[PDB]
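Coordinates as given in start30.cif (mmCIF, N, CA, C and O atoms):
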```cif
data_run
#
loop_
_atom_site.label_atom_id
_atom_site.label_comp_id
_atom_site.auth_asym_id
_atom_site.auth_seq_id
_atom_site.Cartn_x
_atom_site.Cartn_y
_atom_site.Cartn_z
N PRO M 1 -53.89 11.27 -43.48
CA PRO M 1 -54.75 11.71 -44.58
C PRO M 1 -54.79 10.75 -45.76
O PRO M 1 -55.84 10.59 -46.39
N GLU M 2 -53.67 10.11 -46.08
CA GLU M 2 -53.62 9.19 -47.21
C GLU M 2 -52.50 8.18 -46.98
O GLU M 2 -51.97 8.07 -45.87
N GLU M 3 -52.14 7.45 -48.03
CA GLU M 3 -51.23 6.33 -47.88
C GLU M 3 -49.81 6.79 -47.60
O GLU M 3 -49.31 7.74 -48.21
N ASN M 4 -49.16 6.11 -46.66
CA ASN M 4 -47.74 6.31 -46.34
C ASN M 4 -47.44 7.74 -45.89
O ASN M 4 -46.31 8.21 -46.04
N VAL M 5 -48.44 8.44 -45.36
CA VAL M 5 -48.22 9.71 -44.67
C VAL M 5 -49.00 9.67 -43.36
O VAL M 5 -50.18 9.31 -43.34
N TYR M 6 -48.33 10.00 -42.26
CA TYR M 6 -48.93 9.97 -40.94
C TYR M 6 -48.59 11.26 -40.22
O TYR M 6 -47.42 11.64 -40.13
N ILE M 7 -49.61 11.94 -39.70
CA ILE M 7 -49.45 13.26 -39.12
C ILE M 7 -49.47 13.13 -37.60
O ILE M 7 -50.36 12.49 -37.03
N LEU M 8 -48.49 13.74 -36.95
CA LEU M 8 -48.40 13.76 -35.49
C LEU M 8 -48.79 15.15 -35.03
O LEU M 8 -47.94 16.03 -34.87
N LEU M 9 -50.08 15.36 -34.81
CA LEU M 9 -50.57 16.66 -34.40
C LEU M 9 -50.08 16.99 -32.99
O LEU M 9 -50.04 16.11 -32.12
N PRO M 10 -49.70 18.24 -32.73
CA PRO M 10 -49.31 18.62 -31.37
C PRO M 10 -50.52 18.99 -30.52
O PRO M 10 -51.45 19.66 -30.97
N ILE M 11 -50.49 18.54 -29.27
CA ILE M 11 -51.57 18.78 -28.33
C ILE M 11 -50.99 19.44 -27.09
O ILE M 11 -49.90 19.07 -26.63
N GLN M 12 -51.70 20.43 -26.56
CA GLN M 12 -51.23 21.17 -25.40
C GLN M 12 -50.97 20.23 -24.24
O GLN M 12 -51.79 19.37 -23.92
N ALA M 13 -49.81 20.39 -23.60
CA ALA M 13 -49.40 19.55 -22.48
C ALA M 13 -49.66 20.21 -21.14
O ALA M 13 -50.28 19.61 -20.26
N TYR M 14 -49.19 21.45 -20.95
CA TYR M 14 -49.34 22.16 -19.70
C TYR M 14 -49.78 23.59 -20.00
O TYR M 14 -49.17 24.26 -20.83
N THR M 15 -50.82 24.04 -19.31
CA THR M 15 -51.57 25.24 -19.70
C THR M 15 -51.34 26.42 -18.76
O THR M 15 -52.20 27.30 -18.65
N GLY M 16 -50.21 26.45 -18.07
CA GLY M 16 -49.90 27.55 -17.18
C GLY M 16 -49.19 28.69 -17.89
O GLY M 16 -49.14 28.77 -19.11
N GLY M 17 -48.64 29.59 -17.08
CA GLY M 17 -47.93 30.74 -17.61
C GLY M 17 -48.85 31.91 -17.88
O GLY M 17 -49.88 31.75 -18.54
N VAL M 18 -48.49 33.09 -17.38
CA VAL M 18 -49.29 34.29 -17.56
C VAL M 18 -48.44 35.33 -18.28
O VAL M 18 -47.23 35.45 -18.04
N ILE M 19 -49.09 36.02 -19.22
CA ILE M 19 -48.37 37.00 -20.08
C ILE M 19 -47.79 38.13 -19.23
O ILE M 19 -48.36 38.43 -18.17
N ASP M 20 -46.70 38.73 -19.71
CA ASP M 20 -46.05 39.83 -19.02
C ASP M 20 -46.72 41.13 -19.43
O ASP M 20 -46.70 41.50 -20.61
N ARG M 21 -47.33 41.83 -18.47
CA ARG M 21 -48.06 43.05 -18.79
C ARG M 21 -47.12 44.19 -19.15
O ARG M 21 -47.49 45.06 -19.95
N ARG M 22 -45.92 44.22 -18.57
CA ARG M 22 -44.97 45.28 -18.88
C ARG M 22 -44.56 45.25 -20.35
O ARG M 22 -44.17 46.28 -20.90
N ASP M 23 -44.63 44.08 -20.98
CA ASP M 23 -44.36 43.90 -22.41
C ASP M 23 -42.93 44.26 -22.78
O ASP M 23 -42.59 44.35 -23.96
N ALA M 24 -42.07 44.46 -21.78
CA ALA M 24 -40.69 44.85 -22.05
C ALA M 24 -39.91 43.70 -22.67
O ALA M 24 -39.09 43.91 -23.58
N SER M 25 -40.13 42.47 -22.20
CA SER M 25 -39.35 41.32 -22.63
C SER M 25 -40.27 40.18 -23.04
O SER M 25 -41.43 40.10 -22.63
N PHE M 26 -39.72 39.30 -23.87
CA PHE M 26 -40.38 38.07 -24.29
C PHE M 26 -39.83 36.84 -23.60
O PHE M 26 -40.55 35.86 -23.42
N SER M 27 -38.56 36.88 -23.19
CA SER M 27 -37.94 35.71 -22.56
C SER M 27 -38.51 35.44 -21.18
O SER M 27 -38.48 34.29 -20.71
N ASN M 28 -39.03 36.46 -20.50
CA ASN M 28 -39.58 36.26 -19.17
C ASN M 28 -40.79 35.34 -19.21
O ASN M 28 -41.00 34.53 -18.29
N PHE M 29 -41.60 35.44 -20.26
CA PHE M 29 -42.75 34.55 -20.41
C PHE M 29 -42.31 33.09 -20.50
O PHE M 29 -42.84 32.22 -19.80
N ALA M 30 -41.31 32.83 -21.34
CA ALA M 30 -40.79 31.47 -21.47
C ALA M 30 -40.18 30.98 -20.17
O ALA M 30 -40.35 29.81 -19.80
N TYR M 31 -39.46 31.86 -19.47
CA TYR M 31 -38.88 31.46 -18.20
C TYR M 31 -39.96 31.08 -17.20
O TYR M 31 -39.83 30.08 -16.48
N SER M 32 -41.03 31.86 -17.13
CA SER M 32 -42.13 31.53 -16.22
C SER M 32 -42.72 30.17 -16.57
O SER M 32 -42.94 29.33 -15.68
N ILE M 33 -42.97 29.93 -17.86
CA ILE M 33 -43.54 28.65 -18.27
C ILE M 33 -42.63 27.51 -17.83
O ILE M 33 -43.08 26.54 -17.20
N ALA M 34 -41.34 27.62 -18.13
CA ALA M 34 -40.42 26.52 -17.84
C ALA M 34 -40.32 26.28 -16.34
O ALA M 34 -40.35 25.13 -15.88
N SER M 35 -40.19 27.35 -15.56
CA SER M 35 -40.01 27.19 -14.12
C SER M 35 -41.23 26.54 -13.49
O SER M 35 -41.10 25.61 -12.69
N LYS M 36 -42.43 26.99 -13.85
CA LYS M 36 -43.62 26.40 -13.24
C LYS M 36 -43.79 24.95 -13.68
O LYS M 36 -44.14 24.08 -12.87
N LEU M 37 -43.52 24.66 -14.96
CA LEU M 37 -43.66 23.30 -15.44
C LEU M 37 -42.72 22.35 -14.72
O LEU M 37 -43.14 21.27 -14.29
N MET M 38 -41.45 22.74 -14.58
CA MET M 38 -40.52 21.85 -13.91
C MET M 38 -40.73 21.81 -12.40
O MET M 38 -40.39 20.82 -11.76
N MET M 39 -41.30 22.86 -11.79
CA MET M 39 -41.71 22.75 -10.39
C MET M 39 -42.78 21.68 -10.24
O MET M 39 -42.78 20.93 -9.26
N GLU M 40 -43.73 21.63 -11.17
CA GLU M 40 -44.70 20.54 -11.12
C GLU M 40 -44.05 19.19 -11.38
O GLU M 40 -44.32 18.21 -10.67
N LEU M 41 -43.17 19.11 -12.37
CA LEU M 41 -42.57 17.84 -12.75
C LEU M 41 -41.68 17.28 -11.65
O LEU M 41 -41.72 16.08 -11.37
N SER M 42 -40.88 18.13 -11.01
CA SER M 42 -39.95 17.64 -10.00
C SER M 42 -40.66 17.08 -8.77
O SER M 42 -40.02 16.40 -7.96
N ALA M 43 -41.95 17.35 -8.62
CA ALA M 43 -42.72 16.79 -7.52
C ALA M 43 -43.16 15.36 -7.78
O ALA M 43 -43.62 14.69 -6.85
N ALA M 44 -43.04 14.88 -9.02
CA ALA M 44 -43.43 13.51 -9.35
C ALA M 44 -42.27 12.53 -9.29
O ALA M 44 -42.50 11.32 -9.27
N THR M 45 -41.03 13.02 -9.28
CA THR M 45 -39.86 12.16 -9.20
C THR M 45 -38.97 12.59 -8.04
O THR M 45 -37.76 12.74 -8.21
N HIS M 46 -39.57 12.81 -6.87
CA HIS M 46 -38.83 13.35 -5.74
C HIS M 46 -37.69 12.42 -5.35
O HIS M 46 -36.53 12.85 -5.21
N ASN M 47 -37.99 11.14 -5.15
CA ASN M 47 -37.00 10.14 -4.79
C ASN M 47 -37.25 8.86 -5.57
O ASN M 47 -37.22 7.75 -5.03
N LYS M 48 -37.51 9.00 -6.86
CA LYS M 48 -37.92 7.88 -7.69
C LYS M 48 -37.04 7.79 -8.93
O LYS M 48 -36.68 8.80 -9.53
N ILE M 49 -36.71 6.56 -9.30
CA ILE M 49 -35.96 6.25 -10.52
C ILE M 49 -36.88 5.46 -11.44
O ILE M 49 -37.69 4.65 -10.97
N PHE M 50 -36.75 5.69 -12.74
CA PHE M 50 -37.55 4.96 -13.72
C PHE M 50 -36.98 3.56 -13.91
O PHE M 50 -35.89 3.40 -14.46
N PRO H 1 -27.48 19.20 2.73
CA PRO H 1 -28.38 20.29 2.32
C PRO H 1 -29.78 19.83 1.96
O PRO H 1 -30.04 19.49 0.80
N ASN H 2 -30.67 19.76 2.95
CA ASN H 2 -32.09 19.49 2.73
C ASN H 2 -32.61 20.20 1.49
O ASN H 2 -32.54 21.42 1.39
N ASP H 3 -33.14 19.41 0.55
CA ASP H 3 -33.53 19.95 -0.75
C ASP H 3 -34.83 20.73 -0.71
O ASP H 3 -35.01 21.66 -1.50
N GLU H 4 -35.75 20.37 0.19
CA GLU H 4 -37.09 20.96 0.15
C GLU H 4 -37.09 22.45 0.44
O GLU H 4 -38.06 23.13 0.09
N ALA H 5 -36.05 22.98 1.07
CA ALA H 5 -36.02 24.40 1.39
C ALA H 5 -35.90 25.25 0.13
O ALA H 5 -36.66 26.21 -0.07
N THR H 6 -34.95 24.91 -0.74
CA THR H 6 -34.67 25.76 -1.89
C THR H 6 -35.83 25.76 -2.88
O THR H 6 -36.06 26.77 -3.55
N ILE H 7 -36.58 24.66 -2.98
CA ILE H 7 -37.74 24.64 -3.86
C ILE H 7 -38.78 25.65 -3.38
O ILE H 7 -39.33 26.42 -4.18
N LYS H 8 -39.05 25.66 -2.08
CA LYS H 8 -40.00 26.63 -1.54
C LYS H 8 -39.51 28.05 -1.74
O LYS H 8 -40.29 28.94 -2.09
N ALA H 9 -38.22 28.29 -1.51
CA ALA H 9 -37.67 29.63 -1.69
C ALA H 9 -37.82 30.09 -3.14
O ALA H 9 -38.22 31.23 -3.41
N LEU H 10 -37.51 29.20 -4.09
CA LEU H 10 -37.59 29.56 -5.49
C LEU H 10 -39.04 29.80 -5.91
O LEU H 10 -39.32 30.72 -6.69
N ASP H 11 -39.97 29.00 -5.40
CA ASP H 11 -41.38 29.23 -5.70
C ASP H 11 -41.85 30.57 -5.16
O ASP H 11 -42.58 31.30 -5.84
N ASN H 12 -41.44 30.92 -3.93
CA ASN H 12 -41.82 32.21 -3.38
C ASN H 12 -41.27 33.35 -4.22
O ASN H 12 -41.98 34.32 -4.52
N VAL H 13 -40.01 33.24 -4.64
CA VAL H 13 -39.41 34.30 -5.45
C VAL H 13 -40.13 34.43 -6.78
O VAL H 13 -40.41 35.55 -7.24
N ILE H 14 -40.44 33.31 -7.43
CA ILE H 14 -41.12 33.36 -8.72
C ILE H 14 -42.51 33.96 -8.57
O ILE H 14 -42.93 34.80 -9.39
N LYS H 15 -43.25 33.56 -7.54
CA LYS H 15 -44.58 34.12 -7.33
C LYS H 15 -44.50 35.63 -7.11
O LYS H 15 -45.29 36.39 -7.67
N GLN H 16 -43.53 36.07 -6.31
CA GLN H 16 -43.39 37.50 -6.04
C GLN H 16 -43.06 38.28 -7.31
O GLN H 16 -43.68 39.31 -7.59
N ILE H 17 -42.09 37.79 -8.09
CA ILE H 17 -41.68 38.55 -9.27
C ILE H 17 -42.80 38.55 -10.31
O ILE H 17 -42.98 39.54 -11.02
N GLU H 18 -43.57 37.47 -10.41
CA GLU H 18 -44.69 37.49 -11.33
C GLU H 18 -45.81 38.40 -10.83
O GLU H 18 -46.52 38.99 -11.65
N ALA H 19 -45.97 38.52 -9.52
CA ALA H 19 -46.96 39.46 -8.99
C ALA H 19 -46.55 40.90 -9.25
O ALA H 19 -47.40 41.77 -9.45
N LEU H 20 -45.24 41.17 -9.25
CA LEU H 20 -44.79 42.54 -9.48
C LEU H 20 -44.86 42.95 -10.95
O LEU H 20 -44.77 44.14 -11.24
N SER H 21 -45.01 42.00 -11.86
CA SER H 21 -44.97 42.29 -13.29
C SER H 21 -46.35 42.48 -13.90
O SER H 21 -46.44 42.83 -15.08
N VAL H 22 -47.43 42.25 -13.14
CA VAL H 22 -48.78 42.46 -13.65
C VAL H 22 -49.31 43.85 -13.33
O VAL H 22 -50.15 44.37 -14.08
N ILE H 23 -48.81 44.48 -12.27
CA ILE H 23 -49.25 45.82 -11.90
C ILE H 23 -49.03 46.77 -13.07
O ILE H 23 -47.93 46.88 -13.61
N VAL H 24 -50.10 47.45 -13.47
CA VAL H 24 -50.06 48.41 -14.57
C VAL H 24 -50.49 49.76 -14.04
O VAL H 24 -51.21 49.86 -13.04
N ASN H 25 -50.04 50.81 -14.71
CA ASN H 25 -50.39 52.18 -14.35
C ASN H 25 -51.22 52.79 -15.46
O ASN H 25 -50.77 52.84 -16.62
N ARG H 26 -52.42 53.25 -15.12
CA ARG H 26 -53.33 53.81 -16.11
C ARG H 26 -54.28 54.75 -15.39
O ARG H 26 -55.21 54.29 -14.71
N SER H 27 -54.06 56.05 -15.55
CA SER H 27 -54.87 57.06 -14.89
C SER H 27 -55.93 57.56 -15.86
O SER H 27 -55.87 57.32 -17.07
N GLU H 28 -56.98 58.19 -15.31
CA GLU H 28 -58.09 58.71 -16.16
C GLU H 28 -58.42 60.13 -15.71
O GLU H 28 -59.58 60.38 -15.32
N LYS H 29 -57.43 61.02 -15.74
CA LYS H 29 -57.63 62.41 -15.34
C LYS H 29 -58.49 63.15 -16.35
O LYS H 29 -58.46 62.86 -17.55
N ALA H 30 -59.30 64.09 -15.86
CA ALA H 30 -60.09 64.97 -16.70
C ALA H 30 -59.40 66.32 -16.86
O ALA H 30 -58.59 66.74 -16.03
N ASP H 31 -59.75 67.02 -17.94
CA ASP H 31 -59.14 68.31 -18.22
C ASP H 31 -59.67 69.37 -17.26
O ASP H 31 -60.69 69.20 -16.60
N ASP H 32 -58.95 70.49 -17.20
CA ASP H 32 -59.21 71.55 -16.24
C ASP H 32 -60.13 72.64 -16.76
O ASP H 32 -60.40 73.59 -16.02
N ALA H 33 -60.62 72.53 -17.99
CA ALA H 33 -61.39 73.62 -18.57
C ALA H 33 -62.82 73.64 -18.04
O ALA H 33 -63.30 72.68 -17.43
N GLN H 34 -63.50 74.75 -18.28
CA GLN H 34 -64.84 75.00 -17.80
C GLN H 34 -65.86 74.77 -18.91
O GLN H 34 -65.54 74.25 -19.98
N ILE H 35 -67.11 75.16 -18.66
CA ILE H 35 -68.22 74.83 -19.54
C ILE H 35 -68.79 76.07 -20.24
O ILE H 35 -69.17 75.99 -21.40
N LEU H 36 -68.82 77.21 -19.55
CA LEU H 36 -69.24 78.49 -20.13
C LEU H 36 -70.67 78.43 -20.67
O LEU H 36 -70.92 78.46 -21.88
N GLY H 37 -71.62 78.33 -19.74
CA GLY H 37 -73.02 78.43 -20.08
C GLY H 37 -73.38 79.79 -20.66
O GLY H 37 -72.61 80.75 -20.57
N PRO H 38 -74.56 79.89 -21.25
CA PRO H 38 -74.93 81.12 -21.97
C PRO H 38 -75.23 82.28 -21.02
O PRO H 38 -75.48 82.10 -19.83
N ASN H 39 -75.20 83.48 -21.58
CA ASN H 39 -75.41 84.71 -20.82
C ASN H 39 -75.97 85.78 -21.74
O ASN H 39 -75.85 85.71 -22.96
N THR H 40 -76.57 86.80 -21.12
CA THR H 40 -77.14 87.93 -21.84
C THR H 40 -76.70 89.23 -21.20
O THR H 40 -76.40 89.29 -20.00
N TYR H 41 -76.67 90.29 -22.00
CA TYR H 41 -76.28 91.60 -21.51
C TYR H 41 -77.38 92.20 -20.65
O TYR H 41 -78.57 91.95 -20.85
N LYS H 42 -76.98 93.01 -19.68
CA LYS H 42 -77.90 93.77 -18.84
C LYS H 42 -77.72 95.24 -19.14
O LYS H 42 -76.60 95.77 -19.04
N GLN H 43 -78.81 95.91 -19.51
CA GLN H 43 -78.76 97.31 -19.90
C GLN H 43 -79.14 98.18 -18.71
O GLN H 43 -80.14 97.91 -18.03
N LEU H 44 -78.34 99.21 -18.46
CA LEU H 44 -78.55 100.11 -17.34
C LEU H 44 -79.52 101.23 -17.70
O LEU H 44 -79.69 101.59 -18.87
N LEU H 45 -80.17 101.77 -16.67
CA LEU H 45 -81.16 102.81 -16.88
C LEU H 45 -80.48 104.13 -17.24
O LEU H 45 -79.31 104.36 -16.93
N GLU H 46 -81.24 105.00 -17.90
CA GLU H 46 -80.72 106.29 -18.32
C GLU H 46 -81.89 107.25 -18.52
O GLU H 46 -83.05 106.91 -18.26
N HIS H 47 -81.58 108.45 -19.00
CA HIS H 47 -82.55 109.53 -19.15
C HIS H 47 -82.49 110.07 -20.57
O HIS H 47 -81.51 109.88 -21.28
N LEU H 48 -83.57 110.74 -20.98
CA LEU H 48 -83.65 111.28 -22.33
C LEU H 48 -84.62 112.45 -22.36
O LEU H 48 -85.72 112.35 -21.82
N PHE H 49 -84.20 113.55 -22.98
CA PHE H 49 -85.08 114.68 -23.22
C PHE H 49 -84.51 115.51 -24.35
O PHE H 49 -83.34 115.38 -24.71
N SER H 50 -85.35 116.36 -24.91
CA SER H 50 -84.94 117.15 -26.07
C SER H 50 -85.53 118.55 -26.01
O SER H 50 -86.74 118.72 -26.15
#
```

As a first step, turn the structure in this file into structure tokens.
Amino acid sequence: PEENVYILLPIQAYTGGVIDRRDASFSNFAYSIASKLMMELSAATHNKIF
Amino acid sequence: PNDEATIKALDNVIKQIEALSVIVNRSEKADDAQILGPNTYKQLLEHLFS
């Protein structure tokens, strides 16, 4: 916006995860997001080193 | 321990548990009362003399 200030806006990375209809818990939503994301990620480094 | 087995097992479990958490219960029962349309009295025949 101006001098000597720089903004790092956040942008959506992975758009999966479905809300819990039972509404009993909040942690289940986060667990679903994490599990699906890392299932996708682990398929890109199956036998690969950086 | 072949790694590819447990990934498939975990994906199946996650898919199943997420499928079980979307089912919702919502019934739309109607009440048992009636409507009671209009009605009129019926007068019976009789006799008269003086």

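Once residue 19 in chain M and its same-chain neighbours fewer than 6 positions away are set aside, residues 29 of chain M; 18, 21 and 22 of chain H remain within 7 Å of it when counting all atoms listed in the file.
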
Exercise. Please identify every residue of chain M that has at least one atom no more than 7 Å from any atom of chain H, counting only C-alpha atoms, and report them as a PyMOL selection string.
Key: chain M and resi 20-22

Quiz item: Which residues, written as a PyMOL selection string, have at least one atom at most 10 Å from residue 14 in chain M, with only C-alpha atoms counted and residues fewer than 3 positions away on the same chain left out?
Solution: chain M and resi 11+17+33+36-37+40

Practice problem: Rounded to one decimal place, report the atom C of residue 30 in chain M-atom N of residue 10 in chain M distance in Å. | Solution: 20.3 Å

Quiz item: What separation in Å, quoted to one decimal, exists between CA of residue 27 in chain H and atom C of residue 18 in chain M?
Solution: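 These atoms are spaced 22.9 Å apart.
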
Practice problem: Taking the DSSP assignment computed from this structure's backbone, write out as a PyMOL selection string all residues of chain H that belong to alpha helix (DSSP H). | Solution: chain H and resi 4-20

Practice problem: Go ahead and compute the interatomic distance for CA of residue 16 in chain H and CA of residue 44 in chain M, in Å to one decimal. | Solution: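 Result for CA of residue 16 in chain H versus CA of residue 44 in chain M: 24.2 Å, one decimal.
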
Report, as lines of an AutoDock Vina configuration file, the centre and edge lengths in Å (one decimal) of the axis-aligned box enclosing every listed atom of range 21-35 of chain H, padded by 4 Å on each side.
```
center_x = -57.1
center_y = 59.0
center_z = -16.6
size_x = 32.2
size_y = 42.1
size_z = 17.5
```
